[PDB]
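**Student:** This is the structure, below, for whatever I ask next.
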Amino acid sequence: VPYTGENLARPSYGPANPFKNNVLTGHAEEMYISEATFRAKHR
Amino acid sequence: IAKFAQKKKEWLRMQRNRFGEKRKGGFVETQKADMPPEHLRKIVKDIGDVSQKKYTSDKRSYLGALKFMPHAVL
Amino acid sequence: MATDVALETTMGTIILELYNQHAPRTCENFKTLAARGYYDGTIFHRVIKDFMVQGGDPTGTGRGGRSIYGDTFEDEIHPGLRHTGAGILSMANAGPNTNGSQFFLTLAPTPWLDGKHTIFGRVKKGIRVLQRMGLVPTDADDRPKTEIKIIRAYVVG
Amino acid sequence: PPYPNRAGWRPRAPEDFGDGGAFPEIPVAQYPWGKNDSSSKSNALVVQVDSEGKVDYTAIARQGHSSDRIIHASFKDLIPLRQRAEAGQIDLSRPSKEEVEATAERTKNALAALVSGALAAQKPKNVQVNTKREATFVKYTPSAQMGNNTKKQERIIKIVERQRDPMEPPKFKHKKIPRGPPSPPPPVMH
Amino acid sequence: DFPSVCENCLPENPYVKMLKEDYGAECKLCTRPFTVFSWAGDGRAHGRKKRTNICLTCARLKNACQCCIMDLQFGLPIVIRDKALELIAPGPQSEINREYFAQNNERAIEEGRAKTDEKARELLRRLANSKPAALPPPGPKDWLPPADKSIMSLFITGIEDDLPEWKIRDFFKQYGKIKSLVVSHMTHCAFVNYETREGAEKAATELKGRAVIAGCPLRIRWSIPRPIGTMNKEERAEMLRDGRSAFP
Amino acid sequence: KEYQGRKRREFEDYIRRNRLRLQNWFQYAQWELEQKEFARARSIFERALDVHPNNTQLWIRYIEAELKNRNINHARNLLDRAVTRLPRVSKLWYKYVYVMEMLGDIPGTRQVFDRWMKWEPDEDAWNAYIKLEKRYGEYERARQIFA
Amino acid sequence: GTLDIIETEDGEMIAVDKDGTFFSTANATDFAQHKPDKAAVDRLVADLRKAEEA
Amino acid sequence: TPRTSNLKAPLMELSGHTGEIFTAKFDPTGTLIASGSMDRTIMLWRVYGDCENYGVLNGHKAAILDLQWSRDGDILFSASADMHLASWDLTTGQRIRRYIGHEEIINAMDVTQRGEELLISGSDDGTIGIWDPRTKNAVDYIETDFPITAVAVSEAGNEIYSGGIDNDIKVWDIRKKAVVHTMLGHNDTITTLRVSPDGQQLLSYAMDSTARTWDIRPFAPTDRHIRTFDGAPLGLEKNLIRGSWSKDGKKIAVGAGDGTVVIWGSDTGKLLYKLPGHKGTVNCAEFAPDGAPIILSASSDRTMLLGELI
Amino acid sequence: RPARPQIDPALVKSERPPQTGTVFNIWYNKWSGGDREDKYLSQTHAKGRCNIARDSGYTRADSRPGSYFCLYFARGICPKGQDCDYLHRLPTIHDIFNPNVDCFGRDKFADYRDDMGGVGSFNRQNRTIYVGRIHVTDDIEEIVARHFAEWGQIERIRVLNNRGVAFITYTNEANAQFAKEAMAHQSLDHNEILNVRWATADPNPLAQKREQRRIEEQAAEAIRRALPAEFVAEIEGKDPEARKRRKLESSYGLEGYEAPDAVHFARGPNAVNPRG
Ligand SMILES: [Zn+2]
Ligand SMILES: [Zn+2]
């Protein structure tokens with residue numbers, strides 16, 4: 001229900017604030033890529 | 001052929017590297033081998049009595065292995 | 001051509017002076033929604049101090065709002081009306097020509113929304129009620145922790 | 001002046017605003033309750049208001065606690081609940097079986113993690129190496145920089161736990177620190 | 001569970017291989033054990049891996065990068081940031097005071113209790129742009145080289161406190177070859193011992209006892225190399241007025 | 001600084017031996033006030049308040065140290081904190097209304113009294129607030145207080 | 001604008017507090033900016049000094 | 001927020017694989033689930049009841065890249081990067097046999113469900129194996145010159161739609177062993193090819209993040225492309241993402257590398273859902289075959305999410 | 001040129017300190033059973049010194065980007081030559097280092113040693129070394145100027161004659177660290193054992209003022225790099241053209257608005273100001 005295309009299409013109203021990172025230097029998220037993927041891109 | 005030759009080449013490379021039986025953990029795995037007895041001999045001869053200042057970073061582990069000395073005696 | 005709209009809230013009563021000469025479609029949209037009772041028990045989902053009090057959303061989230069001309073209607077930027085000071089009623093919109101049901105209302109002079117928001121009234125009474133609604137405590141997403149709702153909105157003429 | 005013949009009118013004071021409300025048709029900045037000069041970084045708490053607009057001192061009561069701490073701070077917390085005007089019918093029922101089992105599961109998980117911690121502390125596991133030393137991947141969207149606001153590239157981090165020497169004792173001598181002060185003491189509701 | 005390390009301390013490769021060790025090191029700030037994250041650098045330098053040096057609690061309380069210990073908002077050392085914009089926060093560094101402070105802040109932050117400095121650096125730039133008988137001119141005996149070729153030292157007069165020896169030495173180095181250069185801002189004096197007599201003579205003939213160095217007028221002549229003692233306040237005052245009156 | 005370090009050491013040795021003794025805390029804070037270390041004396045008073053959170057004598061000492069050294073805003077913050085902490089101790093309420101009447105803020109005195117009346121105190125506090133309004137001539141306000 | 005000066009049928013100055021914050025700084029949002037007079041602070045301090053001396 | 005299925009929860013999580021889940025398929029009756037994953041295993045679950053991992057199939061020497069069921073749900077077929085297919089009896093949980101003859105990684109396989117049962121396989125040696133599920137030897141093999149990553153069988157049972165590196169969906173006739181015609185328009189390698197339940201249209205998803213529906217009925221214009229659905233970006237893993245049609249055919253789902261299963265309407269073209277829930281790329285997205293609103297998403301998270309579409 | 005070897009490993013062999021005790025402690029590698037006075041007075045002469053012209057050259061650290069200087073090259077006891085992994089060079093003004101490390105790669109500390117010896121502190125950006133045990137003559141200022149000018153680039157030399165102490169303030173902290181490590185236990189024109197430490201904060205209020213002013217100059221440099229030059233001009237307000245741009249842009253239409261500094265300088269992609 002929250003993930004219906006209409007609900008995702010409707011944006012939040014109102015004007016922007018004239019005045020959400022979990023790490024102090026950015027946003028870090030746990031991820032599940034493949035080891036071969038990491039090794040190939042690193043190479 | 002002449003337009004997809006490279007795309008075929010790296011597709012085959014990447015698929016074989018990822019799904020080969022030899023890299024079923026991301027890397028080529030081998031059995032742990034035996035070293036030369038002269039390697040162990042050189043290590044114990046060099047450290048000697050642990051008296052030279054080179055071996056301080058070893059001193060904490062050396063004395064720590066005292067906990068496991070009863071297994072070595074048995 | 002001014003019309004009174006009374007918002008009885010949990011912090012006092014706001015009397016709104018609606019400008020029928022300047023923004024007539026938006027003003028009569030506000031009259032019809034208040035008269036039907038679309039604002040009864042509806043909360044002020046955003047309060048930002050020295051900027052704004054926004055309400056009118058029946059879902060309380062900031063994405064809802066259903067007008068009387070279908071879903072949305074056009075912007076009425078009459079070039080004589082500006083966001084000149086505190087207590088000025090405007091229509092909150094996602095973008096241009098997207099006015100729905102949520103009403104923006106300035107707590108301070110905000111003259112950077114001219115050309116993109118439709119002023120259609122002001123407060124005629126209740127400016128201290130509005131001030132204290134600006135002084136409530138909120139969270140990181142500006143929603144009031146202490147709950148503010150329009151108990152009943154109706155029309156006086 | 002009434003609407004819409006306020007042309008030429010130009011207010012000077014909240015007297016002229018009446019019960020307030022700026023006039024959008026006048027092209028001058030208006031202040032229905034007075035100009036704010038500044039706030040020159042005072043260290044004062046921000047004055048807030050309660051549900052029905054009165055000045056609230058429970059901020060003082062709640063200063064230094066979390067938001068969900070239950071703090072009794074008013075005479076209303078000393079009046080028997082069945083005589084509090086805001087309530088008419090109190091639901092005094094113990095939670096149902098599903099809520100009890102959800103609670104038991106959540107607390108059994110948290111306590112089980114602590115039991116495993118206590119067990120591994122009480123019995124160090126002979127050799128403190130793990131065979132299952134797999135890697136965690138972290139997606140890492142960065143924020144800007146110290147001094148640069150240009151955006152820069154998204155980062156995949158491969159984190160592995162380091163192979164430590166199994167013969168090593170612990171590295172650091174422990175210290176005696178006095179225990180810290182309590183959580184801010186609650187109002188004494190006598 | 002993830003370090004707060006800035007992008008210049010992080011590798012240039014966007015794909016990072018980090019090592020994580022619980023209780024790996026003492027924090028440099030609070031001297032408590034914390035989880036260390038370390039990564040191999042960019043150039044296979046001998047060195048070590050670049051690691052986090054302070055804990056996440058100290059990084060959050062000082063708004064610092066966890067490797068470089070620099071301020072996350074401007075790229076300054078933490079002491080420079082907080083000294084110049086001192087209205088952020090102090091910090092304790094006595095022994096059990098610093099562990100006590102860190103443990104109380106960490107317990108508070110973790111159990112829930114407990115963007116801010118725009119005004120501070122606007123004020124800093126406002127403050128920093130708020131800005132802070134007659135002696136004769138030199139004569140033919142003053143700009144003429146003496147016949148005593150053993151006298152090599154030139155003497156500079158009227159030195160302000162903000163006149164540094166690196167630019168003084170660069171100026172006299174693009175003129176000639178310097179053996180030594182002594183500058184005392186306490187007595188507004190300088191001695192210059194050159195290496196080449198010809199170079200010293202041609203430079204002093206070029207300047208004629210007058211020099212414009214960074215908007216500071218200086219009188220250069222010849223004098224015997226003398227130890228700058230604890231001169232009188234009137235002596236250094238007249239020394240300063242001589243340096244000022246080098247230019248009419 | 002040598003003498004001050006010696007005195008600070010002896011004071012904190014007695015706090016470690018017996019933290020439950022108010023006189024240990026009191027003499028330490030009074031000595032720092034005499035040395036004009038107001039941050040240090042404040043810190044001692046607050047650590048004493050961590051050990052004795054509900055002690056009326058301690059709250060009064062701290063409030064009076066601020067008022068004696070003319071830290072009126074510090075003292076009013078302490079007075080709000082103290083009548084929040086101990087709302088049925090009429091001594092702290094009386095001290096707060098007395099301090100505001102000395103400072104000449106008669107609306108401030110009325111504010112403190114109104115918060116007290118919300119706590120529904122005893123007859124002596126209701127009488128004191130009636131007598132405040134009679135002192136300043138507001139007989140209708142005193143009539144409302146009798147209601 | 002918090003006080004209305006009105007005249008009734010008797011033609012007299014009656015002030016009306018629109019809020020209730022004329023007489024008390026309770027419910028006043030600006031209750032924390034009464035900076036007291038220097039004479040008042042001196043009188044309170046001398047009161048406390050007299051208590052200390054006694 | 002109603003209740004639209006006979007599940008224990010509106011969304012359940014099935015975990016227990018120790019590697020990326022590359023495929024997950026429903027029973028023809030839609031009550032059992034077989035998931036094949038890079039820990040070289042197949043895990044067998046019951047969706048109803050509460051949920052129960054009732055089976056584990058072991059024997060493959062590399063990652064399980066595809067699997068399919070029989071017409072009635074007693075034999076499971078699976079293609080794996082050990083260059084083998086395998087057929088497994090699920091009453092005894094034992095491998096019936098292995099199908100050998102492919103020389104590279106077998107990327108895809110399909111099973112012909114009507115008429116008489118067959119196995120079709122597409123593999124990186126540029127081959128499409130036609131296997132009878134009674135002999136370990138291949139009945140036939142189509143020999144291309146490009147690797148093949150997705151295969152599907154026409155409902156008639158004698159045309160094979162195959163896509164691979166060459167970005168073209170080649171429709172082949174089996175009995176001629178020859179290409180009838182090539183649908184063109186994709187730009188990167190086709191990851192899934194699936195026919196609709198009524199049988200007149202073909203979903204294809206490629207690595208250019210476009211899911212295109214094509215026409216399949218023999219009367220069609222020269223450009224056979226119906227629509228190009230968007231909303232599911234390929235991430236940074238070059239995985240073979242497997243979408244599906246709804247049982248009624250009105251909905252069309254694929255997986256997306258941002259951990260999201262994306263569902264459109266096949267008739268209209270509007271993004272019906274963008275359901276989240278996964279931390280790796282979503283490798284498989286399957287609608288329930290019994291007409292339920294149940295959606296299944298299998299990711300490289302070592303887990304899968306089984307939800308209802310309320 | 002390649003880095004030359006300064007001495008030879010035949011005298012850079014590793015061996016015990018000379019015996020000042022009954023028994024050699026192998027954990028702490030120290031002599032035991034002796035006294036304490038001997039240790040206090042014993043501070044021997046340096047065994048070498050290095051030359052920019054003769055010794056400084058190229059090495060595998062000049063090959064490898066982002067490496068450190070050689071501490072043993074600074075002490076003049078580096079027999080490694082071209083095969084050392086650390087730079088054989090004086091730092092220039094472009095050689096900067098983070099607060100957590102010094103120019104030799106050794107970790108810096110939150111504190112100082114109680115004798116102000118060692119690596120240094122990141123809690124004070126100290127560029128001033130303290131050179132004691134100087135033979136008091138009249139040419140001491142010339143000798144100090146010559147030797148420390150050889151060791152780097154100087155902002156302020158302050159030599160006291162009463163106690164024979166030279167305070168040298170370099171303009172680069174790396175230069176100060178190199179000078180301390182290269183001048184400890186060395187000798188001037190007379191044979192003496194220099195006590196080169198980190199100087200304490202100067203109690204002279206002129207020096208306090210100039211150090212504080214340098215702190216705000218460095219910080220404001222960082223601020224002006226962080227902020228756009230047009231916010232810099234508007235906030236600085238030293239010129240009337242940027243002042244009148246400030247009034248107009250803060251007006252945003254309406255006369256007499258004077259927008260808040262937070263709203264007007266709130267940086268972001270789409271906040272208020274087109275300068276963002
Ligand atoms: Zn720390
Ligand atoms: Zn950093």
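A note on labels: chains of the structure tokens are A, B, ... as shown, every chain counts residues from 1, and ligands are counted from 1 in their shown order.
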Find the residues of chain D that sit at most 12 Å from ligand 2; for each, write down the nearest two atoms and how far apart they are in Å, to one decimal. Count only C-alpha atoms and all ligand atoms. Sort by chain, then by number going up, and give it as a tab-separated table.
**Tutor:**
residue	atom	partner	partner_atom_place_in_ligand_line	distance
D:145	CA	ligand 2	1 (Zn)	9.5
D:146	CA	ligand 2	1 (Zn)	8.6
D:147	CA	ligand 2	1 (Zn)	11.8
**Student:** Can you spit out the residues from that selection as a PDB file, in the first residue's frame, using C-alpha atoms?
**Tutor:**
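So the final result, stored in part_38.pdb, reads:
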ATOM      1  CA  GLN D 145      34.152  17.077   2.160  1.00  0.00           C
ATOM      2  CA  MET D 146      35.818  19.169   4.832  1.00  0.00           C
ATOM      3  CA  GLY D 147      36.021  22.237   2.605  1.00  0.00           C
TER       4      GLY D 147
END
**Student:** Set the cut-off to 8 Å and count only C-alpha atoms: what are the residues of chain B that reach chain A? Output as an MDAnalysis selection string.
**Tutor:** chainID B and resid 17:18 25:26
**Student:** May I have the residues within 10 Å of residue 133 in chain D as number ranges by chain, using only C-alpha atoms and disregarding those fewer than 3 positions away in the same chain?
**Tutor:** D: 129-130, 136, 160-163
**Student:** Please identify every residue of chain I that has at least one atom no more than 7 Å from any atom of chain C, counting only C-alpha atoms, and report them as an mmCIF file with N, CA and C atoms, in the first residue's frame.
**Tutor:**
data_model
loop_
_atom_site.group_PDB
_atom_site.id
_atom_site.type_symbol
_atom_site.label_atom_id
_atom_site.label_comp_id
_atom_site.auth_asym_id
_atom_site.auth_seq_id
_atom_site.Cartn_x
_atom_site.Cartn_y
_atom_site.Cartn_z
ATOM 1 N N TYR I 252 15.361 40.909 -1.719
ATOM 2 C CA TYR I 252 14.571 39.939 -2.501
ATOM 3 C C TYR I 252 13.237 40.529 -2.960
ATOM 4 N N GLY I 253 13.281 41.701 -3.585
ATOM 5 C CA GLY I 253 12.027 42.376 -3.866
ATOM 6 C C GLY I 253 11.658 43.469 -2.881
ATOM 7 N N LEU I 254 10.875 43.118 -1.848
ATOM 8 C CA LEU I 254 10.399 44.044 -0.814
ATOM 9 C C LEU I 254 11.467 44.992 -0.292
ATOM 10 N N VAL I 272 17.450 29.022 -1.039
ATOM 11 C CA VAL I 272 16.813 30.300 -1.355
ATOM 12 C C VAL I 272 17.615 31.027 -2.422
#
**Student:** List the neighbours of residue 11 in chain B out to 9 Å using only C-alpha atoms; skip same-chain residues closer than 3 positions along the sequence, and give me the result as a list in words.
**Tutor:**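 Those residues are residues 6, 7, 8, 14, 15 and 16 of chain B; 124, 147 and 165 of chain H.
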**Student:** Using C-alpha atoms, can you export the residues from the last selection as a short mmCIF file (atom, residue, chain, number, x, y, z; two decimals), in the first residue's frame?
**Tutor:**
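Final output, out_27.cif:
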data_model
loop_
_atom_site.label_atom_id
_atom_site.label_comp_id
_atom_site.auth_asym_id
_atom_site.auth_seq_id
_atom_site.Cartn_x
_atom_site.Cartn_y
_atom_site.Cartn_z
CA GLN B 6 35.14 -8.11 -27.27
CA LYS B 7 31.75 -8.18 -25.48
CA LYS B 8 31.86 -11.96 -25.93
CA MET B 14 33.73 -12.52 -16.20
CA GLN B 15 31.32 -15.46 -16.16
CA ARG B 16 34.15 -18.00 -15.94
CA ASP H 124 27.89 -19.62 -23.06
CA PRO H 147 26.75 -16.84 -25.75
CA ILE H 165 25.23 -11.23 -25.94
#
**Student:** Residues within 10 Å of residue 99 in chain H, please, as a ChimeraX atom specification. Count only C-alpha atoms; anything in the same chain fewer than 3 positions from it doesn't count.
**Tutor:** /H:77-79,83-87,102,119,129,131-138
**Student:** Excluding residue 35 in chain G and residues on its chain fewer than 2 positions from it, collect all residues at most 12 Å away from it, counting only C-alpha atoms, and give them as a PyMOL selection string.
**Tutor:** (chain F and resi 71-73+76+100+103-105+108) or (chain G and resi 30-33+37-41)
**Student:** Take the residues from that selection and write them out as a PDB file, in the first residue's frame, keeping N, CA and C atoms.
**Tutor:**
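As a result, part.pdb now contains:
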ATOM      1  N   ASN F  71      24.954  36.802  40.054  1.00  0.00           N
ATOM      2  CA  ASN F  71      24.626  36.008  38.877  1.00  0.00           C
ATOM      3  C   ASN F  71      23.129  35.727  38.907  1.00  0.00           C
ATOM      4  N   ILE F  72      22.357  36.760  38.565  1.00  0.00           N
ATOM      5  CA  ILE F  72      20.903  36.726  38.701  1.00  0.00           C
ATOM      6  C   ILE F  72      20.286  35.699  37.759  1.00  0.00           C
ATOM      7  N   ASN F  73      20.810  35.577  36.543  1.00  0.00           N
ATOM      8  CA  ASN F  73      20.223  34.646  35.586  1.00  0.00           C
ATOM      9  C   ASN F  73      20.553  33.202  35.938  1.00  0.00           C
ATOM     10  N   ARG F  76      18.175  32.453  38.839  1.00  0.00           N
ATOM     11  CA  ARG F  76      16.797  32.183  38.442  1.00  0.00           C
ATOM     12  C   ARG F  76      16.664  30.846  37.727  1.00  0.00           C
ATOM     13  N   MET F 100      12.093  37.543  43.424  1.00  0.00           N
ATOM     14  CA  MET F 100      11.528  38.354  42.348  1.00  0.00           C
ATOM     15  C   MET F 100      10.956  39.667  42.865  1.00  0.00           C
ATOM     16  N   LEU F 103      13.927  41.905  43.295  1.00  0.00           N
ATOM     17  CA  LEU F 103      14.360  42.387  41.996  1.00  0.00           C
ATOM     18  C   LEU F 103      13.372  43.351  41.371  1.00  0.00           C
ATOM     19  N   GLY F 104      12.169  43.467  41.918  1.00  0.00           N
ATOM     20  CA  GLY F 104      11.238  44.464  41.456  1.00  0.00           C
ATOM     21  C   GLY F 104      10.396  44.034  40.287  1.00  0.00           C
ATOM     22  N   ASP F 105      10.488  42.773  39.886  1.00  0.00           N
ATOM     23  CA  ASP F 105       9.644  42.210  38.842  1.00  0.00           C
ATOM     24  C   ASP F 105       8.375  41.726  39.516  1.00  0.00           C
ATOM     25  N   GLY F 108       6.935  39.134  37.411  1.00  0.00           N
ATOM     26  CA  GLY F 108       7.663  37.900  37.652  1.00  0.00           C
ATOM     27  C   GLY F 108       7.259  37.226  38.948  1.00  0.00           C
TER      28      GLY F 108
ATOM     29  N   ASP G  30       7.916  36.323  26.429  1.00  0.00           N
ATOM     30  CA  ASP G  30       9.097  37.128  26.698  1.00  0.00           C
ATOM     31  C   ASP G  30       9.398  37.231  28.186  1.00  0.00           C
ATOM     32  N   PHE G  31       9.076  36.196  28.963  1.00  0.00           N
ATOM     33  CA  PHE G  31       9.274  36.288  30.402  1.00  0.00           C
ATOM     34  C   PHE G  31      10.740  36.257  30.790  1.00  0.00           C
ATOM     35  N   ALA G  32      11.621  35.877  29.875  1.00  0.00           N
ATOM     36  CA  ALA G  32      13.022  35.656  30.175  1.00  0.00           C
ATOM     37  C   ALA G  32      13.912  36.814  29.754  1.00  0.00           C
ATOM     38  N   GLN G  33      13.340  37.983  29.470  1.00  0.00           N
ATOM     39  CA  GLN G  33      14.137  39.156  29.134  1.00  0.00           C
ATOM     40  C   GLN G  33      13.829  40.346  30.029  1.00  0.00           C
ATOM     41  N   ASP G  37      16.791  46.004  37.350  1.00  0.00           N
ATOM     42  CA  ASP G  37      17.518  47.243  37.558  1.00  0.00           C
ATOM     43  C   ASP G  37      18.733  47.000  38.449  1.00  0.00           C
ATOM     44  N   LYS G  38      19.781  47.790  38.207  1.00  0.00           N
ATOM     45  CA  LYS G  38      21.010  47.680  38.985  1.00  0.00           C
ATOM     46  C   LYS G  38      20.772  48.006  40.451  1.00  0.00           C
ATOM     47  N   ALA G  39      19.879  48.957  40.727  1.00  0.00           N
ATOM     48  CA  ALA G  39      19.531  49.272  42.107  1.00  0.00           C
ATOM     49  C   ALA G  39      18.828  48.104  42.782  1.00  0.00           C
ATOM     50  N   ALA G  40      17.961  47.409  42.048  1.00  0.00           N
ATOM     51  CA  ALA G  40      17.286  46.239  42.595  1.00  0.00           C
ATOM     52  C   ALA G  40      18.274  45.127  42.912  1.00  0.00           C
ATOM     53  N   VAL G  41      19.225  44.889  42.008  1.00  0.00           N
ATOM     54  CA  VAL G  41      20.237  43.870  42.256  1.00  0.00           C
ATOM     55  C   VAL G  41      21.090  44.246  43.459  1.00  0.00           C
TER      56      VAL G  41
END
**Student:** Neighbours of ligand 1 within 7 Å, counting only C-alpha atoms and all ligand atoms, as a ChimeraX atom specification?
**Tutor:** /E:27-32,54-58,102
**Student:** How would the residues just picked look written out with C-alpha atoms as a PDB file, in the first residue's frame?
**Tutor:**
ATOM      1  CA  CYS E  27      42.174   6.623  21.407  1.00  0.00           C
ATOM      2  CA  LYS E  28      44.669   9.443  21.149  1.00  0.00           C
ATOM      3  CA  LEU E  29      42.172  11.811  22.807  1.00  0.00           C
ATOM      4  CA  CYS E  30      40.480   9.893  25.633  1.00  0.00           C
ATOM      5  CA  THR E  31      42.914   6.924  25.922  1.00  0.00           C
ATOM      6  CA  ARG E  32      40.181   4.355  25.759  1.00  0.00           C
ATOM      7  CA  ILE E  54      40.399   8.409  17.681  1.00  0.00           C
ATOM      8  CA  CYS E  55      37.160   6.804  18.696  1.00  0.00           C
ATOM      9  CA  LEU E  56      33.788   7.563  17.142  1.00  0.00           C
ATOM     10  CA  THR E  57      32.715   9.268  20.369  1.00  0.00           C
ATOM     11  CA  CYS E  58      35.673  11.662  20.275  1.00  0.00           C
ATOM     12  CA  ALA E 102      34.379  10.399  27.491  1.00  0.00           C
TER      13      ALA E 102
END
**Student:** Do a neighbour search on residue 67 in chain C at 10 Å with only C-alpha atoms, toss out local chain neighbours closer than 5 positions, and write the hits as a list in words.
**Tutor:**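 Within the cut-off, the hits are residues 26, 29, 30, 32, 33, 38, 72, 73, 99, 100, 101 and 102 of chain C.
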**Student:** Please check the contacts: residues of chain G at most 9 Å away from chain D, using only C-alpha atoms, listed as an mmCIF file with C-alpha atoms, in the first residue's frame.
**Tutor:**
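Final output, saved to selection30.cif:
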data_model
loop_
_atom_site.group_PDB
_atom_site.id
_atom_site.type_symbol
_atom_site.label_atom_id
_atom_site.label_comp_id
_atom_site.auth_asym_id
_atom_site.auth_seq_id
_atom_site.Cartn_x
_atom_site.Cartn_y
_atom_site.Cartn_z
ATOM 1 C CA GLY G 1 -1.381 45.595 20.420
ATOM 2 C CA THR G 2 -1.960 43.440 23.502
ATOM 3 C CA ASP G 4 -7.114 47.773 23.829
ATOM 4 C CA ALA G 26 3.386 33.555 33.240
ATOM 5 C CA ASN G 27 1.991 32.798 29.754
ATOM 6 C CA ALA G 28 4.257 35.578 28.433
ATOM 7 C CA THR G 29 6.675 34.312 25.807
ATOM 8 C CA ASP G 30 9.097 37.128 26.698
ATOM 9 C CA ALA G 32 13.022 35.656 30.175
#
**Student:** Report the closest atom pair, with its distance in Å rounded to one decimal, for each residue of chain B that has an atom no farther than 9 Å from chain D; count only C-alpha atoms, sort by chain and then rising residue number, and write it as a tab-separated table.
**Tutor:**
residue	atom	partner	partner_atom	distance
B:60	CA	D:168	CA	6.2
B:61	CA	D:168	CA	4.5
B:62	CA	D:167	CA	7.3
B:63	CA	D:168	CA	8.2
B:64	CA	D:167	CA	5.2
B:65	CA	D:167	CA	4.9
B:66	CA	D:167	CA	8.4
B:67	CA	D:167	CA	8.1
B:68	CA	D:167	CA	8.2
**Student:** Tell me the residues of chain E close to chain I, meaning within 6 Å using only C-alpha atoms, as a PDB file with C-alpha atoms, in the first residue's frame.
**Tutor:**
ATOM      1  CA  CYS E  68      43.452  12.916  10.203  1.00  0.00           C
ATOM      2  CA  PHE E  74      36.615  23.330   7.135  1.00  0.00           C
ATOM      3  CA  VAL E  79      42.685  23.128  18.157  1.00  0.00           C
ATOM      4  CA  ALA E  84      39.538  30.736  16.301  1.00  0.00           C
ATOM      5  CA  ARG E 126      33.893  40.294  10.298  1.00  0.00           C
ATOM      6  CA  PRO E 164      60.317  37.680   8.627  1.00  0.00           C
ATOM      7  CA  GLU E 165      63.774  36.371   7.873  1.00  0.00           C
ATOM      8  CA  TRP E 166      62.673  34.164   4.977  1.00  0.00           C
ATOM      9  CA  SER E 180      74.483  34.687   7.788  1.00  0.00           C
ATOM     10  CA  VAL E 182      70.638  37.917  12.171  1.00  0.00           C
ATOM     11  CA  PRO E 227      76.153  41.422  19.707  1.00  0.00           C
TER      12      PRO E 227
END
**Student:** Could you jot down the CA of residue 225 in chain H to CA of residue 205 in chain H separation for me, Å, one decimal place?
**Tutor:**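 One can read the CA of residue 225 in chain H to CA of residue 205 in chain H distance as 13.0 Å.
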**Student:** Just asking: which residues within range 51-86 of chain F are alpha helix (DSSP H) according to DSSP, as a ChimeraX atom specification?
**Tutor:** /F:51,56-68,72-85
**Student:** For chain A, report every residue with an atom at most 9 Å from chain I (counting only C-alpha atoms), formatted as a PyMOL selection string.
**Tutor:** chain A and resi 16-19
**Student:** Using only C-alpha atoms, find which residues of chain B lie within 9 Å of chain I and jot them down as a VMD selection string.
**Tutor:** chain B and resid 49 to 54 56 59
**Student:** Just the selected residues (N, CA and C atoms), exported as a compact mmCIF listing (two decimals), in the first residue's frame, please.
**Tutor:**
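Wrote result-v7.txt, looks like this:
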# COMPACT_ATOMS: atom_id res chain seq x y z
N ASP B 49 67.86 -16.28 22.97
CA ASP B 49 67.23 -15.65 24.12
C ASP B 49 66.71 -14.31 23.65
N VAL B 50 65.54 -13.93 24.13
CA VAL B 50 64.88 -12.80 23.51
C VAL B 50 65.47 -11.55 24.14
N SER B 51 66.66 -11.17 23.68
CA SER B 51 67.48 -10.17 24.33
C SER B 51 67.72 -8.94 23.48
N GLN B 52 67.68 -9.08 22.16
CA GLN B 52 67.88 -7.95 21.28
C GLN B 52 66.59 -7.16 21.13
N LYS B 53 66.72 -5.84 21.09
CA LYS B 53 65.59 -4.93 21.06
C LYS B 53 64.72 -5.08 19.82
N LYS B 54 65.20 -5.76 18.78
CA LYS B 54 64.41 -6.01 17.57
C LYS B 54 63.12 -6.74 17.88
N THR B 56 60.79 -6.93 20.41
CA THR B 56 59.83 -6.53 21.45
C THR B 56 58.39 -6.85 21.02
N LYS B 59 57.77 -10.02 21.83
CA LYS B 59 57.85 -10.38 23.24
C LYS B 59 56.47 -10.60 23.82
